[PDB]
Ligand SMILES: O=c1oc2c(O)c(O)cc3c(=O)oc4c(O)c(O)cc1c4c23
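In the form solved without this ligand, a lone chain appears below as structure tokens.
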């Protein structure tokens, strides 16, 4: 059937009875009233059973051996569905397929019932998810720590061409994967005030919110390692949230508990954008405060909570603990670690600071200013008074270091300060992270260089040793084997299966680049993938597409910097050229654009409307026929990504040079047989460098060009004046060609494009359509297109998150990855 494992005789039988056990005893249903949803659950529980044994021994294992622990703190974990991934990592896929088949059910139909765990916004959240999979696969004692939002990223609905947001109640039917651990609930404090008494400061009169943990298993790939992802949920204490007496109402006091519990209610739907709301800051401290107590408790046990030097010496803390900050969201971990160490454990400042810097490491994910976290001082002052005091003290000592290093450089002092003066004082969380971490890294080579050369230049000059790079990656398990079994199979037929956990081995595919059979196969799976997607489209969304055309897709969050608008200009151009010469042949294309716009992002929502507006005209023009279709992919998410990416021919990574930190969707397309048209931005540079620029469709300005243009001054009118095709498009938008009933509907887009385009869309227009012509030319030559595809796939190995993780482990955490199978799952009950 494929190498989804063995369909053993004993195990298919065992699976079936356990499926029936759960359908009866767990779901309390009988075959005569069971619905597909019940069947999905019976299966999920049956599969979950297989990893609890391993989960228990893995955790027990870490307790006995006591290795250095890695704590990955993030406010986002974009997991997606977990049934198939678990089967894949446990080699249960074929057995389960066989078993459900014999039970007369279609496993694929049941897999579609699982809701996505959309606890993330996009790239930052999905990276964390890929990282977790890689850390388990590499046998690291790693824990993912975050917030269990009851409402994840909103479900997107397109009404009248407009995006409609609706709550993502992913827990509505329950989550069979998580395990509530009420017994490990911890208290978190807010507000209060600081008392300075005799031997130390005291954080007093605080409001308490409880943090209840929920653990989700994270299985490594076929190594019997099952790590843990711990998500915190907010709960109101039953005392003060009722006991602070003297009138108000008993009923009201109980109803008001949903005020402390609102902290973990919903994920902020912002991508690459900072919103300074109090609820956000509470979420940030909540995850940090709870996570740190858990980390220290585990440390106090270790082998110190037995003997060792005997005396809670936190000198060994950094030798046993490593905490990675996924962006600045969990940045309060630095002043919170100091608070505990200094205020509670009573360590002297300097010893505490040495420990803190040695265990903390910070990763930066963006350079756009509006994405930078700068919290107003009055907020921190009210919500976290002691922390503000600690931050000021950290700043005081840091600036003293600067002054000593750069005597007289008074401007450098204000530039490097963690405290920004002006309208309202703010705290620059990024500066905080750099100061309190022993390592700072970018997520792609060019992005990391940009941090050193621009944004954190002064910091780099002070401590050059801190700055590093760790190019992002993606897990080959979910992003190949899971979503593209057909491609994984033909690759395995030639080079084996060892590449799933050693992607570098894909290079061996280079020697089949002239193989006639392979070329035919690679081309066949892509065709099968496009037919399946073309079907799914009419199935769930309804209104036909042509599977023979070129599948041109750009899927990612909607942003001005991602330039979906530039893609739009090209689409309208294609349309205008066809209308000019109807009977001329052009390569048919189906351009698919999908992505969510943050609810408050007006321009991004305007762009979604433009896209659907273009589709309304283009898709109903009889002269165009099936040569050009414009489709907006609704509710783009992880599960949807697993469907489109394997079916794409052309991957659009067209951000303005210097704005996309790395990108990861680009890597997903490369591994799945799509060719890339893009700018020299983020990881695109390393991808073209790995495949060879001849096998990549690069165009537009490089970072240097963008700067040259900024010195000069960007004037969009120039481009409008010298390019008739561009002018024609702008006048079409301006006059209502795409919005008849509302002729001025797109005035904001045109106005912006002509007067305030921060991402110089027009500057890359000419080179973009010229480059698009080259891809069309190559598509007309199936054999050569596929051969270039093989060059990309065979050369994507470097982009596996196993490589990224191995580098974090060795260069930042100080731990050695291992591909050693943990001693089977075998029963055991001590």
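Residue numbers count along the first chain shown, from 1.
There is also a form deposited with this ligand bound; it is not shown, and the following applies to it.
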Label the site open or blocked after overlaying this ligand from its pose in the bound PDB entry onto the shown form by the C-alphas around the site (blocked when 3+ ligand atoms sit within 2.4 Å of backbone or C-beta). open
Among 501-509, 700-708, 579-587, 269-277, which stretch sits within 4.5 Å of this ligand in the bound PDB entry, heavy atoms only? 269-277
Of 516, 370, 693, 348, which residue is found within 4.5 angstroms of this ligand in the bound PDB entry when only non-hydrogen atoms are counted? 370
Considering this ligand in the bound PDB entry, which of 724, 600, 187, 740 comes within 4.5 Å of it through any heavy atom? 600
Is there a heavy atom of residue 560 lying 4.5 Å or less from a heavy atom of this ligand in the bound PDB entry? yes
Taking the shortest heavy atom distance, is residue 758 within 4.5 Å of this ligand in the bound PDB entry? yes
For a quick check, can you give me the residues of 377-406 that have a heavy atom within 4.5 Å of this ligand in the bound PDB entry? none
